[PDB]
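Beneath this line is the structure, given in structure tokens, with notes to follow.
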């Protein structure tokens, strides 16, 4: 079992790829407000200061790839 849902992991894998929250919402077919709230929720779960430190935490945990 993971610390993220499949959806949360897919959102952060697209931030690694320099997608805007607007691009991400289109690709995953959800609202941009929901993309933002997922990101906020993960930031709080990981205890980190923002999106950059969320990405680096999830790379350190083996949840994301650099590519």
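All of the numbers you see were taken from the coordinates with simple rules; none came from a lab.
Between helix 6-16 and the chain there is an angle of about 90 degrees, using the helix long axis and the longest principal axis of the Cα atoms.
For residue 20 and residue 2 in the same chain, what is the full-extension length gain: residue separation times 0.36 nm, less their Cα-Cα distance, in nm?
Residue separation times 0.36 nm, minus the Cα-Cα distance, leaves 4.0 nm.
For the chain, the pair-distance distribution built from all alpha carbon pairs, in bins 10 Å wide starting at 0, is 22, 60, 18 percent.
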